[PDB]
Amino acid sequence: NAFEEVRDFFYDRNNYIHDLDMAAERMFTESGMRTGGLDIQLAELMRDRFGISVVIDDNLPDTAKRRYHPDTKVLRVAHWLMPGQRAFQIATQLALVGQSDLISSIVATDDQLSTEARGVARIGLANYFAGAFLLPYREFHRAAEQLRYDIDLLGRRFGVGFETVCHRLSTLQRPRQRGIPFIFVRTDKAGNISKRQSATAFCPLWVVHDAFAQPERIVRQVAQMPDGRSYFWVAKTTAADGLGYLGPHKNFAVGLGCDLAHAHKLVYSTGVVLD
């Protein structure tokens, strides 16, 4: 299972890829980027630095979110995407073309990966870079602390979707500047579940599946995990639209869980309990 190999690859690295995370943040800062309208700014960077022309287009083959034309250096980006997802696509291609050697060197540190897993890892690392470019580490970490980890306000502040914020929160393991350690859980209506752990090594799946009963509303609960500790969980369905990295082909629920001992920093931790 290639996806299982890549899950271990990120697990072994605490879900944080330092060289790519730092490369994204340095490129964001050195190019004078500012949060807001990053899709236009990235298009300028792509032209200036690589001679790649970004164009917004419809009728992309297979309703893809992007199509790169390497022979004339044109990146087509789907018109139905919101600015945050347009930026995400462009930054993903920026990693593939401008961080290719770095990505290859990172993948190579896992001696066991199969070929299929190396290809999955390459795309995952380019996606990782895109998240770390749209949400540069120190700025995003500072914003998460000052907004008390409010996923919706973070999304509105940076112009990105709910699962994009959640995934980034689950990567904040930079040494000496960690965020709250989260378990990230994504599931579809049929129970197909992707779980990512930062601190643990393990499950009450209703902590995220419960979101499907109150669509587009945050669902919060406290549940014990297999270690005997209680976790505070926040979950929501993702709208099938132009924002967030999850495909609009079906509906997902996404959630974060943190040790109850970290939950006081969450805006979510005030409220009344019931069965």
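When you see a residue number, it is the position in the sequence shown, counting from 1.
Unmodelled stretch separating residue 202 from residue 203: 4 to 9 residues (count of deposited-sequence residues without coordinates). As the entry records it, the average C-alpha temperature factor is higher for 191-199, out of 191-199 and 154-162. Stretches compared: 100-108, 86-94. Higher mean C-alpha B-factor in the entry: 100-108. Take 232, 28, 206, 68 and read off each C-alpha B-factor from the entry; 206 has the highest. Ranked by Cα temperature factor within the chain, residue 213 sits in the highest third according to the deposited record. In this PDB entry, the Cα temperature factor of residue 11 sits in the middle third of its chain's modelled residues. When the modelled residues of the chain are ordered by their C-alpha B factor, residue 72 lands in the middle third. Ranked against the other modelled residues of its chain, the C-alpha B-factor of residue 60 as given in the entry falls in the highest third. Placement of the Cα temperature factor of residue 118 within the chain: middle third of the modelled residues, per the deposited record.
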